[PDB]
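Just follow the structure's listing: the first ligand is 1, and inside any ligand the first atom is 1. Every chain is numbered from 1 and lettered A, B, ... according to where its sequence line falls, protein lines coming before strand lines.
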Protein chains: 2
Amino acid sequence: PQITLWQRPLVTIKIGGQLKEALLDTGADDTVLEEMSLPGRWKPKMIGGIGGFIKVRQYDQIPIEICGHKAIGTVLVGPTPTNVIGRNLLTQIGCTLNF
Amino acid sequence: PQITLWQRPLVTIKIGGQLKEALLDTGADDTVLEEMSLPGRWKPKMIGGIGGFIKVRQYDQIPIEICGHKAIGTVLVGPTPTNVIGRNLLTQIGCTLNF
Ligand SMILES: COC(=O)N[C@H](C(=O)NN(CCC[C@@]1(O)Cc2ccc(cc2)C/C=C\CNC(=O)[C@H](C(C)C)NC1=O)Cc1ccc([C@H]2C=S=CC2)cc1)C(C)(C)C
Ligand SMILES: [Cl-]
Ligand SMILES: [Cl-]
Ligand SMILES: [Cl-]
């Protein structure tokens with residue numbers, strides 16, 4: 001699709017069998033989701049946003065659908081204001097910015 | 001142009017007589033720049049991201065030039081850790097997401 005930006009670029013993702021809404025965010029290196037259960041072991045990451053730093057749990061090699069486009073990659077989980085899909089997964093689904 | 005998301009999508013903007021580098025951010029409602037001077041009236045605003053909120057000055061109807069594209073919009077100024085161009089200006093230069 002071509003998504004314009006008059007509204008928040010909110011899409012439906014699927015992860016661990018469940019549908020969620022997330023924000024397509026080209027200003028984010030990483031993908032960070034609100035608290036949820038994921039399988040396997042996790043590593044620590046500190047990520048910085050506009051308001052400061054938060055600790056998150058890093059899960060790797062997690063399958064995730066993003067408006068129906070299949071990706072498998074690194075998902076961070078922690079206290080974010082919303083689910084944000086970052087460049088690590090945007091690149092996997094062939095996203096570019098165009099003007 | 002078409003802009004890849006292998007790297008951070010950084011562009012030069014011209015604003016208030018100054019050249020600055022900034023991050024094209026589809027996930028951002030607003031445009032926020034590190035501390036600088038702008039002319040005319042302003043009002044305080046709290047904006048939120050990962051980490052919490054910061055207090056900024058809101059200037060409206062500010063001319064800006066992005067990758068050679070002229071627009072005019074609200075610009076927020078404050079202690080953001082990096083310069084972000086948000087949807088309020090991205091729309092004006094015809095910027096869309098594509099995959
Ligand atoms: C490389 O680090 C990152 O990629 N950080 C990422 C990130 O914060 N990058 N930044 C882009 C802005 C992120 C976000 O779009 C993320 C976002 C957060 C909340 C919301 C939407 C989008 C919804 C709630 C309120 C609306 N808030 C906003 O629209 C704000 C804008 C007003 C700034 N939007 C955002 O803050 C800008 C940003 C970049 C770097 C840094 C850091 C550099 S050093 C310490 C921090 C801070 C901010 C992230 C998401 C992984 C934490
Ligand atoms: Cl990844
Ligand atoms: Cl505006
Ligand atoms: Cl349009």
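- Note: B/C95 SG to B/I3 CD1 = 7.5 Å, rounded to the nearest 0.5 Å.
- Side-chain atoms of B/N88 and B/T31 include a donor-acceptor pair closer than 3.5 Å.
- Annotation: side chain of B/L97 is in contact with side chain of A/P9 (closest heavy-atom distance under 4.5 Å).
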Please list every donor-acceptor pair under 3.5 Å in which a side-chain atom of residues 14-29 of chain B meets a protein atom from a residue at least two apart or in another chain.
unit_1 : atom_1 : unit_2 : atom_2 : d
B/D25  : OD1    : A/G27  : N      : 3.1
B/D25  : OD1    : B/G27  : N      : 3.0
B/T26  : OG1    : A/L24  : O      : 2.6
B/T26  : OG1    : A/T26  : N      : 3.1
B/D29  : OD1    : A/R8   : NE     : 3.0
B/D29  : OD1    : B/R87  : NH2    : 2.9
B/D29  : OD2    : A/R8   : NH2    : 2.7

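- For ligand 1, the protein residues within 4.0 angstrom (heavy atoms only) are A/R8, A/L23, A/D25, A/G27, A/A28, A/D29, A/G48, A/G49, A/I50, A/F53, A/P81, A/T82, B/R8, B/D25, B/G27, B/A28, B/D29, B/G48, B/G49, B/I50, B/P81, B/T82.
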Per-pair distances, 0.1 Å, donor-acceptor, side chain in residues 55-66 of chain A, under 3.5 Å, sequence neighbours excluded:
unit_1 : atom_1 : unit_2 : atom_2 : d
A/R57  : NE     : A/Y59  : OH     : 3.0
A/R57  : NH1    : A/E35  : OE1    : 2.9
A/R57  : NH2    : A/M36  : O      : 3.1
A/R57  : NH2    : A/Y59  : OH     : 3.3
A/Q58  : NE2    : A/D60  : OD1    : 3.0
A/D60  : OD1    : A/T74  : OG1    : 2.7
A/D60  : OD2    : A/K43  : NZ     : 3.4
A/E65  : OE2    : A/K70  : NZ     : 3.0

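- The ring-ring contact (aromatic ring centres under 6.0 Å, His included) contacts involving residues 64-99 of chain B comprise A/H69-B/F99, A/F99-B/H69, where partners must be two or more places apart or lie in separate chains.
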